[PDB]
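In: Below is the structure, and that's it, no one-letter string:
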Ligand SMILES: Cc1cccc(C)c1-n1c(=O)c2cc(C(=O)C3=C(O)CCCC3=O)ccc2n(C)c1=O
Ligand SMILES: Cc1cccc(C)c1-n1c(=O)c2cc(C(=O)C3=C(O)CCCC3=O)ccc2n(C)c1=O
Ligand SMILES: Cc1cccc(C)c1-n1c(=O)c2cc(C(=O)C3=C(O)CCCC3=O)ccc2n(C)c1=O
Ligand SMILES: Cc1cccc(C)c1-n1c(=O)c2cc(C(=O)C3=C(O)CCCC3=O)ccc2n(C)c1=O
Ligand SMILES: [Co+2]
Ligand SMILES: [Co+2]
Ligand SMILES: [Co+2]
Ligand SMILES: [Co+2]
């Protein structure tokens, strides 16, 4: 696959799964982020929200793996599916390499989803059914009558990355996990972090241990996914699209963050006034634009990124943001 | 029992279970702590070590829940059992209240021991078969021929407490876990200036007044344990003795490794810290035994081992009216060291 | 130039050769189409050139190179990477745990930084290159008259060089190049540098017999690109180039079958023992010399879309 | 009592050195093997563990030769030291013969330690300072206050031998290395039918240093070389005056031995070694192995692997000067 040795035939993110011990707390979060309910499971209280190529699964099955996850962690990403070319080739290798299976209970005439124990114990699914017509959603879900099958929403296209926050000294443990099992490699350049990149060139999972990280671990009651980043081709248009449907972003940087923009990023070319009108951040000629939601699902938040050459994660915005509240 | 409403019918610790990813590492520790191997499982490679009313299970079965725990955490307490009046009722009650079952594979003609997922994933077993002739050891274990089945060892009598280290914020989680399922309650302890000691340590105590499970959270001793243990779990196991000086001598004879004794600055301040405590100071100083309490003379004697199973260490305690855990010794020891610096 | 390049690699700069026995590397460069074009200012080392390929014969006694050749015979004793800035690259490699190799340097010559590489050969990190600015313009003296930029038999660049390693070390050296230079893995592992130019396949088992003869890990073969193998072949054969003995004619009967269309003059390949690989379109032409520097041999390759190394030629040759 | 010409003035092993890229991985192994930490370097994070006349050095010094070596090879013997009469003479001779210097960084007011490149890159030290008061430990280490400096531990006395696993065809290289520099000689060969180990016992001219070289032929030597990321010391054998009592002492403190042979191994002992005289019941209960052939005997037992693929041997010699090579055929027949 695309990048390097993909002995697991990873083909990108398939879905991410959410659940909440409190009803009606996840549905409005999906809507303000431009996602559309498009299908409901054939027999479980489980729902599919879509935007672009992003599949968001809302799991409200009671007495389930996901509800036990939610009861301990609160509103959360409790599951994460990887696309693979052959789910048995990968499920059996992962167990041979020592992965722990998690049994997801499956109803009659429904698909058996193979899953292993992942970050915080959340299932990591290996799904080899995909595409319109043959995907797991066509088989086990029922689409709403006459609803647009592939909503575009506010222009989020893919999951660009999601992070894991991990306790002090666990990052080598979770780096090993993704290396040994999926042939992830840390990309490496040049707060402590390891950008784990998958051989498919689509899955990126950065790992953080520490403030900001320690507060997540306490509020989340464990390791887990701290933020999911959605890619868009035009963050500025996406920004306006999201704000008109109720999106709440991190409060904008002080204006002095934009005076330095030409200083720290000569000839970036971006309309400075449009980014400042919306508090959009910038890092990079390889460039990227990004902006964050507030914490919406406990301490879990969301990122919206547009890449203009830069393949990083906006790390330079810590120095930029701090040294802007230094002159303001 | 006694203290609180006891809806699970708790009646004290039943056993704690140990596993290790490396062989011959738990066995020499049980021996130097005065435990005797009394029985071996009818079919599994699991062994019963005994001293007084203390039951320790060494679980050497491979590819087991216990073996995975020890592979992830090192040599460790990999489980614990509570005596309950009715295991079927308590267990059902746990599940209804949101506990998660842990399936422990039981073989032909062995007992189905129910258990729920506990700290670090370790099984918490709920056992209603106990006492001589009726115990799970009598049913599922074979006592070594000859060997005395009620050894006194070095005089350790009962498990007094198992204090856990948990990640920051998880002390509220586990306190509520134990409150909701079992009606454990915190006992708040107060130091020498009358100030609450439980900011980062909840002395969760079962309604039977026997089970004590202190929950600790923190660049100090707790986070070092969490790293070295690779998770949350029991940091030390405290055994009660009726005479700690006598127990100490028995332990030293068979090779116990104790923590280095406090500087004798510690034993001078003893009359000032605990006026008219009445203990034979020279005896305690010779052995590095610690003394805490308040003088109504309510006192306790305690000594700790070195770390013996990874970061897990052991405590030997004699209670003489004090219901606490020796938290007065932190300040006492620090001042001893500053009078020695 | 094709993914993240933290070390600023810009392709092979040169490769270094040494021999414990004089007069034994000099003929092998000439018959491969290389020509002495410069001699060091102060050391018995000589620059042979063809296209953009820079070959260094280091004869200097009591040296880094001499000891390496003494333990491993005639050999590639060293390898240089072009880098944007070599102080940045060297410092970072040390930061990431590489070990330095002292290359002794004399008055008024260049301090060439290098780290420990395969078989302990120095991996130089060179940031001086191009017309009038290269290390050769500085540390070498060109022969008067004879052109500085020979075209030779049309060999253009080092396409790749493969390491042979002990069993199990293939993941060590893969992580060596991954961690240090962000190579990625595009029985053997083909490591590709982010510059799109440096390719270093690693082999562990043919390979055992190299390790024995070489007395350790090292560069098994060096592959040279050309724009036409047939014309390069004629050019090489005219100066005494020694190739592998040609394959069996059946190899060329299975040819059209294994490669539908392909579009290659089957006749001129066989007149020369040239081999073929690809899909059938991507393709590549290749030919190998005999073992010329101990167990070290050389490959002459022409690419026709195929990013591969002709691995299918194993089955092809042994289904013959 | 040298055996033949001793041009380097060898006088026995001095220390072996260990390093690991993971903290706390070497210390418990030393403890379960009966070693006691008796001293710490004057300035570096390096410690001296001792049992009988065995000096083991735990080298935790970062950014050092040891740490680079452990980085490549894992927990390991990163260094070996020979006692010599005159370390300046030996070292100069080694260099003149083509040995390669290894520079070990020496702090102010500490000893310059001479070392040449040895097995797998590990320094081979030449140490001419030994004896209570005159040792390199007395000079550059600080003994714990009070502690006894010559602990007997579980009764291990000296390094009997240690091996090198080398790649195929490298045995000739490493035989030559020890022959050319130190006049080690192969003095004894035990025949082993191909039922893949080939071995070469190199004996130094002092009669004390013995280094068997092992290469392969998919087995135990290649599994080491893969796990170790190269050639290196495979096991260290410690001599004891009574393996049974040493065994008891080692089991008490956590030693992890190889699981005993099947009982057929002990039924075949009289057949294999008629009238050997050893208490078979005591050996079988402990899984102790017996070999030999004039009742030349040897008792040995091995640990499990304890630092990556390095393991340890505990051996009581009763006339047999071999290495227990008879135990391969005998365990083959046992199972
Ligand atoms: C969103 C927010 C809320 C409250 C407090 C704070 C610090 C922040 N916050 C971020 O979380 C944040 C995250 C990333 C980021 O996405 C990220 C990394 O930092 C590196 C690993 C890979 C990765 O994805 C980049 C910049 C950020 N900036 C600039 C920021 O301010
Ligand atoms: C044994 C050791 C080794 C290295 C470092 C140190 C601080 C210690 N150490 C202790 O761990 C220790 C623990 C308790 C204790 O048992 C305990 C707590 O006070 C929290 C509540 C529940 C509980 O059981 C009391 C006194 C102690 N003292 C005095 C001590 O020195
Ligand atoms: C030249 C020769 C002499 C005596 C014995 C033999 C096997 C050979 N020999 C080769 O060495 C050879 C090498 C490659 C090759 O270039 C190569 C690899 O196959 C692995 C990945 C990177 C790489 O560059 C391809 C085909 C080959 N074929 C077909 C061949 O016969
Ligand atoms: C311990 C273990 C674990 C897994 C596999 C195996 C073969 C073994 N193993 C040994 O390694 C072993 C080594 C020696 C030995 O020390 C010795 C040398 O000193 C030099 C010459 C070669 C040789 O045999 C003797 C007997 C042995 N026996 C009997 C044994 O079983
Ligand atoms: Co991000
Ligand atoms: Co306690
Ligand atoms: Co090639
Ligand atoms: Co041996």
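Out: The structure has been received and is ready for your questions. Residues are numbered from 1 along each chain as shown, chains lettered A, B, ... in the order given. Ligands and ions are numbered 1, 2, ... in the order given.
In: residues near the closest residue to ligand 6 within the stretch 1-150 of chain A, how many?
Out: For the stretch 1-150 of chain A, the residue closest to ligand 6 is residue A:72, as judged by CB to the ion, at 27.3 Å. All C-beta atoms are positioned from the backbone trio N, CA, C, and that covers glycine. Close neighbours of residue A:72, defined as other CB atoms under 10 Å in any protein chain shown, add up to 19.
In: I'd guess it is in a helix, am I close?
Out: Yes - the assignment for residue A:72 (DSSP: H, G, I helix; E, B strand; the rest coil) places it in a helix.
In: Pull the contacting residues for it.
Out: Applying CB atoms under 8 Å, 6 or more residues apart in numbering or on different chains to residue A:72 gives the contacts A:221-222, B:173.
In: Ok, residue A:316 next?
Out: A:264, A:283-284.
In: where's it relative to ligand 1, distance?
Out: 8 Å (CB to the nearest ligand atom, to the nearest Å).
In: residue ranges for the helices of chain A, please.
Out: Using DSSP state H, the helices of chain A run over A:27-32, A:65-73, A:87-96, A:136-140, A:171-182, A:212-220, A:235-243, A:256-264, A:272-276, A:316-322.
In: shouldn't residue A:117 be in contact with residue A:99?
Out: Yes - using CB atoms under 8 Å, residue A:117 makes contact with residue A:99 at a distance of 7.0 Å.
In: Can you pick out the residue with more neighbours from the two?
Out: Using other CB under 10 Å as the criterion, residue A:117 and residue A:99 rank with residue A:99 on top: 20 against 14.
In: Contact partners for that one?
Out: A:116-117, A:181.
In: Repeat that for residue A:127.
Out: Contacts of residue A:127 by CB under 8 Å, 6+ apart are A:14-15, A:81-84, A:87, A:113, A:136.
In: Buried among the residues you listed? Make that a ChimeraX selection.
Out: Per 16 or more other CB atoms under 10 Å in any protein chain shown, the buried members of these correspond to this ChimeraX selection:
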select /A:14,15,81,82,83,84,87,113,136
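In: residues of stretch A:26-38 that come out buried?
Out: Residues A:26-27, A:29-38 are the ones in stretch A:26-38 that count as buried (16+ other CB under 10 Å).
In: what residues go with each domain of chain A?
Out: What curated CATH domains lists as the domains of chain A is A:1-153, A:154-328.
In: Just tell me which of those domains ends up closest to ligand 5.
Out: Shortest distance between ligand 5 and these, using CB to the ion, is found for domain A:154-328: 4.5 Å.
In: ok, the closest residue to residue A:93 other than its chain neighbours - contacts?
Out: Leaving aside its chain neighbours, residue A:93 sits nearest to residue A:8 (6.8 Å; criterion: CB to CB, 6 or more residues apart in numbering or on different chains). Neighbouring residues of residue A:8 by CB under 8 Å, 6+ apart: A:82, A:84, A:89-90, A:93-94, A:126, A:181-183, A:199.
In: Can you name the residues that contact the nearest residue to residue A:211 once chain neighbours are set aside?
Out: Leaving out its chain neighbours, the residue that sits closest to residue A:211 by CB to CB, 6+ apart is residue A:191, at 7.6 Å. With contacts defined as CB under 8 Å, 6+ apart, residue A:191 is in contact with A:208, A:210-213, A:318.
In: near ligand 5, which residues of chain A?
Out: A:229, A:303, A:313 (CB under 5 Å from the ion).
In: and which of those is nearest ligand 3?
Out: Comparing the residues of chain A next to ligand 5 against ligand 3 with CB to the nearest ligand atom places residue A:313 closest, at 34.4 Å.
In: Identify the residue spatially nearest to the closest residue to ligand 4 within the stretch 51-200 of chain A, adjacent ones excluded.
Out: Nearest residue of the stretch 51-200 of chain A to ligand 4: residue A:98, at 22.7 Å (CB to the nearest ligand atom). Residue nearest to residue A:98 in three dimensions, not counting chain neighbours: residue A:180, with 7.9 Å by CB to CB, 6+ apart.
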